[PDB]
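Have a look at the structure below, then the notes.
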Amino acid sequence: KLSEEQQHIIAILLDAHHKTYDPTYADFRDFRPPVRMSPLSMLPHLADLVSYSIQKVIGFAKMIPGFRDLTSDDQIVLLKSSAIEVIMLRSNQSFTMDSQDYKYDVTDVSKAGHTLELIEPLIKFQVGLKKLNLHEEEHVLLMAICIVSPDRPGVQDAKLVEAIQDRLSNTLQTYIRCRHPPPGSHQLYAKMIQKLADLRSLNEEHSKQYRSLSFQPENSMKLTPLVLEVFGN
Amino acid sequence: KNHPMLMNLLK
Ligand SMILES: C=CC[C@@H]1CC[C@]2(C)[C@@H]([C@H](C)CCCC(C)(C)O)CC[C@H]2/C1=C/C=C1C[C@@H](O)C(=CCO)[C@H](O)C1
Numbered sequence: 123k124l125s126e127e128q129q130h131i132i133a134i135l136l137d138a139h140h141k142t143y144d145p146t147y148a149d150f151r152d153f154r155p156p157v158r159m218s219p220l221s222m223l224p225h226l227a228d229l230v231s232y233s234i235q236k237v238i239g240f241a242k243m244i245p246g247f248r249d250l251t252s253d254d255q256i257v258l259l260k261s262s263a264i265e266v267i268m269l270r271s272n273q274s275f276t277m278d286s287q288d289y290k291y292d293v294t295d296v297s298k299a300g301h302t303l304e305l306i307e308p309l310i311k312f313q314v315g316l317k318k319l320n321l322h323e324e325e326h327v328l329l330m331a332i333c334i335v336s337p338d339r340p341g342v343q344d345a346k347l348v349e350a351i352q353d354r355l356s357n358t359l360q361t362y363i364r365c366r367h368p369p370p371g372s373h374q375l376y377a378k379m380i381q382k383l384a385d386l387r388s389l390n391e392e393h394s395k396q397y398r399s400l401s402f403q404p405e406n407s408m409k410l411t412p413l414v415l416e417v418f419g420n
Numbered sequence: 625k626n627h628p629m630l631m632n633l634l635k
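Chains A and C supply the protein sequences, listed in that same order. Numbered according to the entry's author numbering, the first sequence spans residues 123 to 159, 218 to 278, 286 to 420. Each residue of the second sequence is one higher than the one before, counting from 625 in the entry's author numbering.
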């Protein structure tokens with residue numbers, strides 16, 4: 123029972139994603155180059229990657245049906261708190277179970300100033316999400332639902348946010364019933380929501396370690412202005 | 625505090 127509106131929403135989110143996610147990595151050439159030899221020698225490259233990814237996430241967010249109805253303040257609140265989660269989510273598309288320059292591993296992320304306190308559960312997240320083998324329709328709906336979360340700190344019009352998210356969540360639940368055949372569909376929605384819960388935890392830890400990194404001006408120096416504005420300064 | 629860049633990107 124996929125309504126015409128729901129199909130519209132899926133069409134919109136797929137296109138919005140195709141316009142903000144380039145799997146060819148063409149733009150990665152414009153980043154400060156990665157350095158593998218190395219104390220924080222990957223920070224410049226990954227910082228640029230995150231800054232870029234935030235720009236792309238913002239472009240995706242604005243194309244979310246209903247999102248434009250929120251106040252700029254509430255749009256800001258949602259993007260500031262979700263940015264890191266949506267980047268972790270969208271990264272899964274490139275995350276491989278098996286250019287080698289732009290193929291990142293544990294030691295790469297470590298050379299950006301992060302520890303296994305984050306990295307381990309991040310890989311666990313990426314492996315578990317990958318196993319769900321989502322349809323791209325489900326992939327883009329999950330990212331949108333993540334962005335439009337009523338419970339983000341600093342949200343004023345929580346009822347509006349919730350109503351937008353509900354439209355999206357109802358669209359996800361219905362899509363899975365009608366389009367995703369079993370066994371692959373078993374509890375799929377509940378598992379997709381669990382991932383959002385996993386992302387809160389990853390968000391939490393990244394914020395802590397980012398605070399340790401960005402405390403030394405020498406490291407803060409290696410970040411970008413957008414990353415400083417969104418993640419904090 | 626204020627988010628000039630984030631604001632500008634959200635049009
Ligand atoms: C297992 C994760 C792989 C990779 C390495 C580490 C990243 C940057 C994670 C780190 C914890 C963030 C570190 C950022 C810092 C400011 C230093 O704290 C977040 C997303 C992760 C990653 C993201 C990868 C992307 C590539 C591609 O899928 C992509 C876009 C293609 O245009 C995404 O936007 C970002």
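Note that beta-carbon positions come from the ideal geometry of N, C-alpha and C, so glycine has one too.
{"Item": "Assign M159 of chain A to buried or exposed, taking buried as 16 or more other Cβ atoms, counted over all protein chains shown, within 10 Å of its Cβ.", "Value": "exposed"}
{"Item": "State yes or no: is the beta carbon of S252 of chain A nearer than 8 Å to at least one beta carbon in chain C?", "Value": "yes"}
{"Item": "Answer yes or no: the CB of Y147 of chain A versus the heavy atoms of ligand 1, is any distance below 7 Å?", "Value": "yes"}
{"Item": "Using three-state DSSP, classify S336 of chain A as helix, strand or coil.", "Value": "coil"}
{"Item": "Taking 7 Å as the cut-off, is the C-beta of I267 of chain A nearer than that to any heavy atom in ligand 1?", "Value": "yes"}
{"Item": "Starting from the Cα of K378 of chain A, find the closest Cα among A:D344, A:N320, A:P337, A:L400 and give me that residue.", "Value": "A:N320"}
{"Item": "May I ask you to check if the CB of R398 of chain A is nearer than 7 Å to at least one heavy atom of ligand 1?", "Value": "no"}
{"Item": "Comparing C-alpha positions only, which one of A:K318, A:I256, A:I244 sits nearest to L413 of chain A?", "Value": "A:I256"}
{"Item": "Within this structure, are the beta carbons of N390 of chain A and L223 of chain A separated by less than 8 Å?", "Value": "no"}
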